[PDB]
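> Here's a structure for you.
So basically every Cβ, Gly included, is an ideal-geometry build from the backbone, and we count neighbours across all protein chains shown. Every number in this text was worked out from the coordinates using simple rules, so none of it is lab data.
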Amino acid sequence: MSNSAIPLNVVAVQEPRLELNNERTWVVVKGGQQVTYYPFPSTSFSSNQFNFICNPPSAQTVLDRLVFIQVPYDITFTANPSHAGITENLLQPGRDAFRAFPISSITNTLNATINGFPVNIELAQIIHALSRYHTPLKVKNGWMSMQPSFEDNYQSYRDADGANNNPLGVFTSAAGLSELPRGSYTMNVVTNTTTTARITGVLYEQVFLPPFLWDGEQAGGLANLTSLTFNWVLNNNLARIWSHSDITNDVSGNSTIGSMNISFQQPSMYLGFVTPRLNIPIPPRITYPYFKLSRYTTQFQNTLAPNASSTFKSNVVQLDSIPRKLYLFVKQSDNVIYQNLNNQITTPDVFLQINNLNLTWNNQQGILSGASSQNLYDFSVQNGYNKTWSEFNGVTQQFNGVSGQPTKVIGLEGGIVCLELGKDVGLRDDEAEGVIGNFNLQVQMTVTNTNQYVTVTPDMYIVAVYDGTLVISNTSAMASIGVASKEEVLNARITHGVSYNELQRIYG
Amino acid sequence: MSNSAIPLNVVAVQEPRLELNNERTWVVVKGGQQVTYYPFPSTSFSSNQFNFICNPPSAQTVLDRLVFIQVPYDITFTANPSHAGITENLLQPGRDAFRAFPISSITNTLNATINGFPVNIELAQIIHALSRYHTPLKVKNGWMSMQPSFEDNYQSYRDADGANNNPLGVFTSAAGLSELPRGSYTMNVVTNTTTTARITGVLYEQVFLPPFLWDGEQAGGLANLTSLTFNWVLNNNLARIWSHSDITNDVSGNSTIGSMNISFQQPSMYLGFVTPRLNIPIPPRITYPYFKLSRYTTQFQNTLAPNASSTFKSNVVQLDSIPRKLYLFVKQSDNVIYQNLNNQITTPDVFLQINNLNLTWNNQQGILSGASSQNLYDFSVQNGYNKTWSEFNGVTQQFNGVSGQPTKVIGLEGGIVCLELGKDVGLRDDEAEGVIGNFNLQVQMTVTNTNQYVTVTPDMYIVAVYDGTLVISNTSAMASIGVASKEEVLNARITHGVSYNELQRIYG
Amino acid sequence: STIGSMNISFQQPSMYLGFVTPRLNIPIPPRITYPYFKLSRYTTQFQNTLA
């Protein structure tokens, strides 16, 4: 031990098979007396918007943070006149299924309110980039399984067909023990014949929010509130729920599917309530972590395709408080791909591949500027990117045998760089993830178009997330951001007691 | 006009037409008696070495800063098989001339020793990025007119063809009071026929390098020397003098001209020793400003074309002091042009368009990253760039009017950035334009090939000019750099009695 | 004429401002004054033509 320049202190550790002996204790695990579940059929609901209001039985009854709502529906497709031909049915065995996640990508904006105070997530645009981010294979296969789950990898559906992994495929043709393709989900068909299709079944989808959690790691439950209400509203077109492929749709013509129509019944949220046992009392007022996520977006009308890069810059934006992290990406632009049935159904959700980033921050310019794009990936994976370096970084070639074919290139989605703010930006002294007040940052970066078939007009987002504390008391809901005072942060004590990677589990 | 905001003083001034009253002296301009022009014929010259040894007649003689060599020459070219080809004469009315500037573009290194202290500069590479950069129109028709001087504005000679700005045109074809094409520079031809061409003339060229000058205005000469000299060593290939247009050759000739053998006859330099009037004395030991060119070129093999975009970097290179100015540009790499007679003659010396430049000053990164490539121009023309924005970033579109025909694009010879180092980088303090030492920089810029016809391996250059003072006395030649303490600079008084524009005049 | 008609359309557009922050030691005065010129124009029309 004291063989080095500085004697370092020794300890011995018993190898696992011979771990015995050490004092062992019998451990008794105590849950609350009564644990219950009830459906709340939405008190008011219609075509374009529906909502619930579901008061807890009493204060003094903790509630399960893991929530979800189940929605029964009806879709019927009509056969479009007059794309030429039309032989083979209207639905295909490998060519179409629900977009994932089906009822989340519809939702314009979720909105809950805890205890008289409002908390809200804009849900539609946000979910597709957030969802990439924290799932491993255990989690993607747990709760996250309920809605159709398989994110879209192929930059353009048509050429995907028919790979083992094709985003939309049936249950057969998925590998044993791994994320199953979107076509596996059960929807009974009342009738599928060329000219017409009608299909009908229930579909589940969680409330993605904070406090409420979607990932498994359990955490303490919301007590002690009095009122709870949820609100939802649907982003207009709503044909978008469905997905499709180009292969079936025909030369210099139109797709066969357009147009369809949808219909719902009354959907019902599902809340749990555990009422704690008489031995241990729950504290008068209590405090919960609470993160709120925004989005700031930019449109630039010009176009590039199939593969030539240019620069785009995002209008300078202000923040009220250093957010705990922020994602950056570019993607196909929302203003287009909303008009036209074909355009709505069959265009996948994916990202142009980032060639290099160069953000600035209050004011500076440029942080992260001189790092290979490669380098953005491997510092994002550190926060849990979970997709192979090749899935990120766009396209992959492919050669064929036979003279003389051309060698087909495939686009397959570009990554989304994410940087924690202490972890990767570096803040000037005595600013830390909570601290208020005023900052502004404008990312600017370059991106190359990946796919071969269409011209992509683009847009870019920036999703910032703010982390603070919220005090559900009886009865109020003071919510605080800027919990750490600036002077305060300077001279805070450093504990080696709590390891860092431990604080990577808290999420939100 | 003590009515505005905070009040201020008013002075009245006189219109030019009438002053008319003011104490008007008469200034007798005296310059020393017995001005003389010497003509030293080089002794010891070969095809590879010019070697003048030229002493001043006394101490007390003050020789003038503008020096220049003249050199008679003899070239012969002989047609190649198998072309072919060929009908026509070997030299063409538009196709050829000398490369500006003939004498320098061949010199490996010019070298001179003021008073036993060796001062040299490398002429071959540095000079073509030096030409573009400090001459307006007025100066281009002044002294610099003696060697061919018109700059290479087309990306490849073949495209310029017959055009009004075409570099290699006759005397006709260049408007009045305008820079002449290099074909107009006189030479007399013993024979020009198919198979053979034999030409002869006289070439001037001004000795470049400090403390001599090729600027028009001039300052005070270098009394009081006892020694002087000059030595040019030349590249052995020496075919680089001529320039030829690709149009004639066709495919697989590939070209008519090669080979060719150049020859020199003893050259002779011209110095001008004035001597001051007895009455007015010159000081015993006297001081002058003195700059010093330094270059590092970095080559990376990879080849982009005809018009791909890429990125590069240079190995870090430490410096011993802040340099007054700094020049960055991507050239068509040298190594590829040297092999072969065909190639050496028929490739103009031009630069690739800079899409964006980002560089790092010492241990500091991201500088200039955010600024638009058009912005690079804005602050560099302010330095004195003298060339239409259109030619910087060069590429131009001329469309033809006849059905079944595509329009054609023309490569235009990109630019070369330069950033005075206290002006355009900004400096942490106290640091100046001279202070030692040890800062380390590296550059990483993204370029685009614009040349329409050839794949181009590129290369990067960085020229700096360190600043200091050279003090000559008989008999010594002390030279310094640093010159001011890092503390003494921190508190020297800013004087309003000069115009920053005064320091633009002392090139440099 | 040959044309006809035409339509124009702009994409995102962007200003480019220079800045620089005066070196900490030297102090720029609190209140400063610059020259400024207001350019204004008027015109008068005429009914009869010449040619």
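> Could you please rank B:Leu137, A:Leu470, A:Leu304, placing first whichever residue has the fewest other Cβ atoms within 10 Å of its Cβ?
In order of increasing Cβ crowding within 10 Å: B:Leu137, A:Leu304, A:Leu470.
> Now for a different question. Taking the number of other C-beta atoms within 10 Å as the exposure measure, put B:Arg240, A:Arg285 in order starting with the fewest.
Listed from fewest to most nearby Cβ atoms, that is A:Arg285, B:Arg240.
> Compute the separation of the alpha-carbon centres of the range A:174-206 and the range A:346-393 and state it in Å as a whole number.
Measuring centre to centre over Cα atoms gives 34 Å.
> Take the alpha-carbon centre of the range B:455-497, take the same for chain C, and report the distance between them in whole Å.
For the range B:455-497 versus chain C, the Cα centre distance is 40 Å.
> Which whole-Hz couplings ³J(HN,Hα) result when phi for each residue of the range A:486-496 is put into the Karplus expression 6.51 cos²θ - 1.76 cosθ + 1.60, θ = phi - 60°, listed in order with x for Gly and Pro?
Listing the rounded values in order: 4, 5, 3, 4, 2, 10, 7, 6, 9, 9, 8 Hz.
> Then there is this: Quote the convex hull volume per residue of the protein assembly as shown, based on C-alpha atoms, as a whole number of Å³.
Expressed per residue, the convex hull around the Cα atoms of the protein assembly as shown is 354 Å³.
> Quote the relative contact order of chain B in percent (integer), defining contacts as alpha-carbon pairs under 8 Å separated by 6+ residues.
23 percent
> Right, another one. At q = 0.06 Å⁻¹, what is the base-10 log of I(q)/I(0) for the range B:31-508 according to the Debye formula with one equal point scatterer per Cα and no solvent? Please give it to two decimals.
Summing over Cα pairs of the range B:31-508 leads to -0.30.
> Roughly how far apart, in whole Å, are the Cα centres of the range A:83-145 and the range A:290-322?
22 Å
> On to the next question. With a/c under 1.5 counting as rounded, go ahead and sort the range B:374-508 into rounded, prolate or oblate using the C-alpha gyration tensor (a ≥ b ≥ c being the square roots of the eigenvalues; past the cut-off, prolate if a/b is larger than b/c, else oblate).
Note, shape of the range B:374-508 comes out prolate.
> Still on this model: Name the shape class, rounded, prolate or oblate, that the alpha-carbon gyration tensor gives for the range A:115-257, where a ≥ b ≥ c are the square roots of its eigenvalues, rounded holds for a/c under 1.5, and otherwise prolate holds if a/b is larger than b/c and oblate otherwise.
It comes out prolate by the Cα gyration axes.
> Report the relative contact order of the range A:122-261, percent, no decimals, based on alpha-carbon pairs under 8 angstrom and at least 6 residues apart.
RCO, the range A:122-261: 20 percent.
> Can you put B:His83, A:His244 in order, fewest other beta carbons within 10 Å first?
B:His83, A:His244
> Could you go through the range B:329-335 in sequence order and give the Karplus-derived ³J(HN,Hα) for each residue, using 6.51 cos²θ - 1.76 cosθ + 1.60 with θ = phi - 60°, rounded to whole Hz, and x for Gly and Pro?
6, 9, 9, 4, 3, 5, 4
> Suppose each label sits 7 Å from its Cα in the direction of the beta carbon; what would the A:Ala371-A:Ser47 distance come out to in nanometres?
Distance between label points: 4.9 nm.
> Compute the FRET efficiency between B:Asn340 and A:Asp250 as 1/(1 + (r/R0)^6), taking r as their Cβ-Cβ distance and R0 = 51 Å, and round to the nearest 0.05.
Computed FRET efficiency for B:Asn340 and A:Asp250 comes out at 0.40.
> Right, here's the next one. Between rounded, prolate and oblate, where does the range A:275-372 land on the alpha carbon gyration tensor, with a ≥ b ≥ c its root eigenvalues, rounded for a/c under 1.5, else prolate if a/b exceeds b/c?
Verdict is oblate for the range A:275-372.
> While we're on this one: Can you list the residues, at least 5 places off or on another chain, whose amide H is less than 5 Å from the amide H of B:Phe68, using H built in the peptide plane?
Sorted by chain and number, the residues that satisfy this are B:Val207, B:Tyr270.
> Do the alpha carbons of any pairs in B:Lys331/B:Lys486; A:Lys486/B:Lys486; A:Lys313/B:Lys325; B:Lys387/B:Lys423 sit beyond 25 Å of each other, and which pairs?
Check vs 25 Å cut-off fails for B:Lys331/B:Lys486; A:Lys486/B:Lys486; A:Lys313/B:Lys325.
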